[PDB]
file work_28.cif (mmCIF, C-alpha atoms)
data_data
#
loop_
_atom_site.label_atom_id
_atom_site.label_comp_id
_atom_site.auth_asym_id
_atom_site.auth_seq_id
_atom_site.Cartn_x
_atom_site.Cartn_y
_atom_site.Cartn_z
CA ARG A 1 41.76 38.89 -31.61
CA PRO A 2 38.92 39.31 -34.12
CA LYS A 3 37.04 42.55 -33.62
CA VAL A 4 34.24 42.08 -31.09
CA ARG A 5 32.49 45.37 -30.38
CA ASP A 6 35.38 46.72 -32.48
CA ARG A 7 38.12 45.60 -30.07
CA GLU A 8 41.05 43.31 -30.91
CA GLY A 9 41.91 43.00 -27.20
CA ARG A 10 40.09 41.35 -24.32
CA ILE A 11 39.52 41.34 -20.56
CA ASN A 12 39.19 37.99 -18.80
CA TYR A 13 36.79 38.29 -15.87
CA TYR A 14 37.37 36.51 -12.56
CA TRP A 15 35.62 36.30 -9.21
CA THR A 16 35.76 34.59 -5.84
CA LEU A 17 34.06 34.42 -2.45
CA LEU A 18 35.86 35.77 0.63
CA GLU A 19 34.52 34.26 3.84
CA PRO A 20 34.58 36.32 7.05
CA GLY A 21 37.91 36.74 8.79
CA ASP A 22 39.84 35.91 5.63
CA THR A 23 41.83 38.50 3.68
CA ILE A 24 42.17 38.90 -0.09
CA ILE A 25 45.41 40.28 -1.55
CA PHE A 26 46.01 41.72 -5.03
CA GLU A 27 49.49 42.36 -6.42
CA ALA A 28 50.36 43.59 -9.88
CA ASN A 29 52.76 45.46 -12.13
CA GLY A 30 50.17 45.90 -14.88
CA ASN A 31 47.16 44.56 -16.75
CA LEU A 32 44.97 44.59 -13.62
CA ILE A 33 41.34 45.70 -13.69
CA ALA A 34 41.01 46.29 -9.97
CA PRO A 35 37.76 45.86 -8.04
CA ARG A 36 35.97 49.03 -6.97
CA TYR A 37 32.76 47.67 -5.44
CA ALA A 38 32.29 44.23 -3.90
CA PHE A 39 29.14 42.50 -2.65
CA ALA A 40 28.74 41.51 1.00
CA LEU A 41 26.04 38.83 0.88
CA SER A 42 24.53 36.01 2.86
CA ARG A 43 23.90 32.87 0.90
CA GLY A 44 20.46 31.47 0.28
CA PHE A 45 20.07 28.08 -1.33
CA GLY A 46 18.63 26.02 -4.15
CA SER A 47 17.20 28.26 -6.87
CA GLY A 48 17.68 28.90 -10.58
CA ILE A 49 17.44 31.48 -13.35
CA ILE A 50 14.53 32.07 -15.74
CA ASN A 51 14.92 33.17 -19.37
CA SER A 52 11.57 34.38 -20.70
CA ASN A 53 9.84 37.51 -21.98
CA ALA A 54 6.81 37.14 -19.71
CA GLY B 1 -18.55 -3.56 2.63
CA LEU B 2 -17.87 -3.99 -1.08
CA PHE B 3 -19.79 -7.30 -1.03
CA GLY B 4 -22.19 -6.54 1.82
CA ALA B 5 -21.23 -9.40 4.16
CA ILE B 6 -18.70 -7.91 6.59
CA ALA B 7 -20.31 -4.76 7.99
CA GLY B 8 -23.18 -5.68 5.65
CA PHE B 9 -25.85 -8.21 6.56
CA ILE B 10 -23.40 -9.81 9.04
CA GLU B 11 -23.33 -6.97 11.56
CA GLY B 12 -20.26 -8.04 13.53
CA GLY B 13 -17.67 -10.59 14.51
CA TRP B 14 -17.34 -13.53 16.88
CA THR B 15 -14.82 -12.75 19.61
CA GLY B 16 -15.16 -16.34 20.86
CA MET B 17 -13.89 -17.99 17.65
CA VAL B 18 -10.11 -18.38 17.94
CA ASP B 19 -9.64 -21.34 15.56
CA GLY B 20 -9.26 -18.96 12.61
CA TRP B 21 -10.65 -16.13 10.52
CA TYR B 22 -13.76 -17.88 9.16
CA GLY B 23 -16.03 -20.33 10.90
CA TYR B 24 -19.35 -21.59 12.17
CA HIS B 25 -21.70 -21.42 15.14
CA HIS B 26 -24.20 -24.27 15.53
CA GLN B 27 -27.19 -24.76 17.82
CA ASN B 28 -28.16 -28.43 17.93
CA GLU B 29 -29.71 -29.70 21.18
CA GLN B 30 -26.44 -31.43 22.11
CA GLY B 31 -25.10 -27.90 22.53
CA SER B 32 -23.53 -24.86 20.91
CA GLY B 33 -19.91 -24.00 20.12
CA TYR B 34 -17.69 -22.15 17.67
CA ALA B 35 -15.53 -23.70 14.96
CA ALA B 36 -13.36 -22.48 12.09
CA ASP B 37 -13.36 -23.50 8.43
CA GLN B 38 -9.65 -24.21 7.99
CA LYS B 39 -9.87 -24.50 4.19
CA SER B 40 -10.94 -20.91 3.50
CA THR B 41 -9.01 -19.50 6.47
CA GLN B 42 -5.85 -21.29 5.32
CA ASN B 43 -6.24 -20.13 1.72
CA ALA B 44 -6.67 -16.57 3.00
CA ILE B 45 -3.56 -16.85 5.19
CA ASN B 46 -1.59 -18.14 2.20
CA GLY B 47 -2.86 -15.34 -0.03
CA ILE B 48 -2.30 -12.48 2.41
CA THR B 49 1.05 -13.94 3.47
CA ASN B 50 2.08 -14.02 -0.19
CA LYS B 51 0.95 -10.41 -0.61
CA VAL B 52 2.98 -9.01 2.30
CA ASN B 53 6.00 -11.15 1.42
CA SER B 54 5.53 -9.73 -2.09
CA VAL B 55 5.63 -6.09 -0.97
CA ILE B 56 8.70 -6.79 1.19
CA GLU B 57 10.77 -9.43 -0.59
CA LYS B 58 10.57 -7.45 -3.86
CA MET B 59 12.84 -4.66 -2.57
CA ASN B 60 16.26 -5.19 -4.06
CA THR B 61 18.73 -2.60 -2.77
CA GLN B 62 22.35 -2.52 -3.89
CA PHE B 63 25.11 -1.32 -1.60
CA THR B 64 24.89 2.46 -1.86
CA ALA B 65 26.40 5.52 -0.19
CA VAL B 66 23.76 8.22 -0.58
CA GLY B 67 26.00 11.01 0.68
CA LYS B 68 28.10 13.25 -1.55
CA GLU B 69 30.15 16.18 -0.28
CA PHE B 70 31.01 19.16 -2.48
CA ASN B 71 32.99 22.39 -2.13
CA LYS B 72 31.89 25.99 -2.79
CA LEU B 73 32.42 26.05 -6.59
CA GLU B 74 30.38 22.85 -7.06
CA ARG B 75 26.95 24.23 -6.16
CA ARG B 76 25.58 23.03 -9.50
CA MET B 77 26.75 19.51 -8.66
CA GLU B 78 25.52 19.77 -5.07
CA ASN B 79 22.06 20.86 -6.24
CA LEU B 80 22.09 18.05 -8.82
CA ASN B 81 22.79 15.44 -6.13
CA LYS B 82 20.14 17.09 -3.94
CA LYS B 83 17.82 16.87 -6.95
CA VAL B 84 18.42 13.13 -7.39
CA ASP B 85 17.94 12.28 -3.71
CA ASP B 86 14.85 14.47 -3.39
CA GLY B 87 13.35 13.03 -6.57
CA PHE B 88 13.69 9.43 -5.43
CA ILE B 89 12.34 10.28 -1.97
CA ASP B 90 9.28 11.93 -3.51
CA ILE B 91 8.66 8.91 -5.75
CA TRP B 92 9.00 6.28 -3.04
CA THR B 93 6.93 8.22 -0.51
CA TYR B 94 4.01 8.76 -2.89
CA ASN B 95 3.99 5.28 -4.42
CA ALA B 96 4.52 3.59 -1.05
CA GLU B 97 1.65 5.36 0.69
CA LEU B 98 -0.84 4.90 -2.16
CA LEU B 99 0.24 1.25 -2.40
CA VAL B 100 -0.54 0.72 1.30
CA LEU B 101 -3.92 2.44 0.94
CA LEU B 102 -5.07 0.62 -2.20
CA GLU B 103 -3.89 -2.78 -0.98
CA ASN B 104 -5.52 -2.33 2.42
CA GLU B 105 -8.82 -1.71 0.64
CA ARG B 106 -8.13 -4.77 -1.53
CA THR B 107 -7.43 -6.95 1.52
CA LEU B 108 -10.61 -5.96 3.36
CA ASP B 109 -12.58 -6.61 0.17
CA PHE B 110 -10.87 -10.01 -0.06
CA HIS B 111 -12.04 -11.02 3.42
CA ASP B 112 -15.56 -9.78 2.64
CA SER B 113 -15.30 -12.00 -0.44
CA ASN B 114 -14.29 -15.11 1.46
CA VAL B 115 -17.12 -14.73 3.98
CA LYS B 116 -19.83 -14.09 1.38
CA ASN B 117 -18.62 -17.01 -0.74
CA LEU B 118 -18.70 -19.22 2.37
CA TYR B 119 -22.27 -18.16 3.19
CA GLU B 120 -23.24 -19.04 -0.37
CA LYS B 121 -21.46 -22.40 -0.11
CA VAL B 122 -23.69 -23.29 2.84
CA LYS B 123 -26.81 -21.87 1.16
CA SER B 124 -26.35 -23.97 -2.00
CA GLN B 125 -26.45 -27.12 0.18
CA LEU B 126 -29.67 -26.38 2.08
CA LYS B 127 -31.95 -24.90 -0.61
CA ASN B 128 -35.35 -25.98 0.77
CA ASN B 129 -34.19 -27.81 3.93
CA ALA B 130 -33.70 -24.45 5.68
CA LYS B 131 -34.69 -20.79 5.68
CA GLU B 132 -32.53 -17.66 5.91
CA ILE B 133 -33.09 -16.44 9.47
CA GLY B 134 -31.50 -13.19 10.58
CA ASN B 135 -28.01 -12.80 9.17
CA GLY B 136 -25.24 -15.32 8.62
CA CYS B 137 -27.58 -17.93 10.08
CA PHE B 138 -29.85 -20.70 8.79
CA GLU B 139 -32.67 -22.43 10.67
CA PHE B 140 -33.26 -26.07 9.82
CA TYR B 141 -36.60 -27.77 9.29
CA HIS B 142 -35.08 -31.12 10.31
CA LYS B 143 -33.04 -31.46 13.49
CA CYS B 144 -29.30 -31.68 12.72
CA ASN B 145 -27.14 -33.30 15.41
CA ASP B 146 -23.38 -32.68 15.62
CA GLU B 147 -22.66 -35.27 12.92
CA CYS B 148 -24.88 -33.43 10.42
CA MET B 149 -23.37 -30.02 11.29
CA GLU B 150 -19.84 -31.37 10.89
CA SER B 151 -21.18 -32.63 7.56
CA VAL B 152 -22.12 -29.13 6.40
CA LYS B 153 -18.66 -28.00 7.51
CA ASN B 154 -16.68 -30.50 5.39
CA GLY B 155 -18.90 -29.95 2.32
CA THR B 156 -20.69 -33.30 2.42
CA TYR B 157 -24.24 -32.73 3.66
CA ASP B 158 -26.53 -35.37 2.11
CA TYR B 159 -29.73 -33.51 1.18
CA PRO B 160 -32.22 -36.22 0.11
CA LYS B 161 -31.58 -38.03 3.40
CA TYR B 162 -33.30 -35.10 5.15
CA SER B 163 -35.58 -33.88 2.35
CA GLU B 164 -38.79 -35.54 3.58
CA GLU B 165 -38.83 -34.27 7.18
CA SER B 166 -38.11 -30.83 5.74
CA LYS B 167 -40.96 -31.12 3.24
CA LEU B 168 -43.25 -31.76 6.22
CA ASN B 169 -42.02 -29.05 8.58
CA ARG B 170 -42.06 -26.39 5.83
CA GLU B 171 -45.68 -26.59 4.63
CA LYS B 172 -47.43 -24.92 7.57
CA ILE B 173 -44.78 -22.19 7.92
#

call {"tool": "encode", "arguments": {"input": "work_28.cif", "output": "structure tokens"}}
result
Amino acid sequence: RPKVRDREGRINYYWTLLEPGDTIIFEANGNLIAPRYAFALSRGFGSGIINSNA
Amino acid sequence: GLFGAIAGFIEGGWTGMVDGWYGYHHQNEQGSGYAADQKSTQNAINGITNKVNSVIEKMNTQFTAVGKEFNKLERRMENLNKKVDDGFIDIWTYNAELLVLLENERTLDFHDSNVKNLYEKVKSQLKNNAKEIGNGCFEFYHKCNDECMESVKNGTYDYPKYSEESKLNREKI
């Protein structure tokens, strides 16, 4: 790939939500960027993001 | 109110008059009684009727399923739907309530109108043949039996027929 931050290679980033009781399973023979820390959160609802210098 | 007849110089209403919204009370020897002026009352019923039937009958509503169900990676869509529903509800609530307020005021003012205009209708027939006693009431100088009263009610009154007697009774007053 064209040099971005001087790097011809890439990492595609992926995420998902794991509800209680359910189990997530990773398997790999290579190219994995494993998780180290995850985020146990409760939801909240109906907000947005602000982009300003105030 | 806005014209000073209802709650204005006419302090209150006539619980005994069931013939309609607007009417008369006479006091000729033959006796008293209440009547209604069906012309103005009927025009008011037609107008108000048309108003209400205009706030109701104007609501076209297509067949619509308001509900939409989304999964856990469609929160943007779910909040968009929520945004549509909530927007319309805000609009209709605000506009509906202010509409009811404003048009209630307008209706009361319309009744006040009809009564004042009716008072003036009677006044313009009795210029010097009567005086303005109290409120919503005229006292005659010539005695006016039922026939004459029922004449004031249907518009025809015949003034010069009673002008002389009046000219007499008025001088000493």

call {"tool": "resolve_selection", "arguments": {"input": "work_28.cif", "expression": "the PyMOL selection byres ((chain A) within 12 of (chain B))", "output": "PDB file with C-alpha atoms, in the coordinates of the input"}}
result
ATOM      1  CA  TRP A  15      35.620  36.300  -9.210  1.00  0.00           C
ATOM      2  CA  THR A  16      35.760  34.590  -5.840  1.00  0.00           C
ATOM      3  CA  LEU A  17      34.060  34.420  -2.450  1.00  0.00           C
ATOM      4  CA  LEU A  18      35.860  35.770   0.630  1.00  0.00           C
ATOM      5  CA  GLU A  19      34.520  34.260   3.840  1.00  0.00           C
ATOM      6  CA  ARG A  43      23.900  32.870   0.900  1.00  0.00           C
ATOM      7  CA  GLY A  44      20.460  31.470   0.280  1.00  0.00           C
ATOM      8  CA  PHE A  45      20.070  28.080  -1.330  1.00  0.00           C
ATOM      9  CA  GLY A  46      18.630  26.020  -4.150  1.00  0.00           C
ATOM     10  CA  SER A  47      17.200  28.260  -6.870  1.00  0.00           C
ATOM     11  CA  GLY A  48      17.680  28.900 -10.580  1.00  0.00           C
TER      12      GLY A  48
END

call {"tool": "atom_distance", "arguments": {"input": "work_28.cif", "atom1": "CA of residue 16 in chain B", "atom2": "CA of residue 131 in chain B"}}
result
25.1 Å

call {"tool": "residues_around", "arguments": {"input": "work_28.cif", "residues": "range 34-37 of chain B", "least_positions_apart": "3", "cutoff": "9 Å", "atoms": "all atoms listed in the file", "output": "ChimeraX atom specification"}}
result
/B:14,16-26,40-42,153-154

call {"tool": "closest_residue", "arguments": {"input": "work_28.cif", "among": "A:38, A:11, A:50, A:4", "to": "residue 24 in chain A", "atoms": "only C-alpha atoms"}}
result
A:38

call {"tool": "atom_distance", "arguments": {"input": "work_28.cif", "atom1": "CA of residue 74 in chain B", "atom2": "CA of residue 22 in chain A"}}
result
20.5 Å

call {"tool": "residues_near_point", "arguments": {"input": "work_28.cif", "point": "(20.5, 6.5, 1.1)", "cutoff": "10 Å", "atoms": "all atoms listed in the file", "output": "list in words"}}
result
residues 63, 64, 65, 66, 67, 85, 88 and 89 of chain B

call {"tool": "atom_distance", "arguments": {"input": "work_28.cif", "atom1": "CA of residue 117 in chain B", "atom2": "CA of residue 163 in chain B"}}
result
24.1 Å

call {"tool": "resolve_selection", "arguments": {"input": "work_28.cif", "expression": "the PyMOL selection byres ((chain B and resi 45-58) around 10)", "output": "count of residues only"}}
result
19

call {"tool": "closest_residue", "arguments": {"input": "work_28.cif", "among": "B:146, B:161, B:155, B:125", "to": "residue 33 in chain B", "atoms": "only C-alpha atoms"}}
result
B:146

call {"tool": "residues_around", "arguments": {"input": "work_28.cif", "residues": "residue 122 in chain B", "least_positions_apart": "2", "cutoff": "10 Å", "atoms": "only C-alpha atoms", "output": "list in words"}}
result
residues 117, 118, 119, 120, 124, 125, 126, 127, 136, 137, 138, 152, 153, 155 and 157 of chain B

call {"tool": "write_last_selection", "arguments": {"input": "work_28.cif", "atoms": "C-alpha atoms", "output": "short mmCIF file (atom, residue, chain, number, x, y, z; two decimals), in the frame of the given file"}}
result
data_model
loop_
_atom_site.label_atom_id
_atom_site.label_comp_id
_atom_site.auth_asym_id
_atom_site.auth_seq_id
_atom_site.Cartn_x
_atom_site.Cartn_y
_atom_site.Cartn_z
CA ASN B 117 -18.62 -17.01 -0.74
CA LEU B 118 -18.70 -19.22 2.37
CA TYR B 119 -22.27 -18.16 3.19
CA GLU B 120 -23.24 -19.04 -0.37
CA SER B 124 -26.35 -23.97 -2.00
CA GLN B 125 -26.45 -27.12 0.18
CA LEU B 126 -29.67 -26.38 2.08
CA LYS B 127 -31.95 -24.90 -0.61
CA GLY B 136 -25.24 -15.32 8.62
CA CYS B 137 -27.58 -17.93 10.08
CA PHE B 138 -29.85 -20.70 8.79
CA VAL B 152 -22.12 -29.13 6.40
CA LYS B 153 -18.66 -28.00 7.51
CA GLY B 155 -18.90 -29.95 2.32
CA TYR B 157 -24.24 -32.73 3.66
#
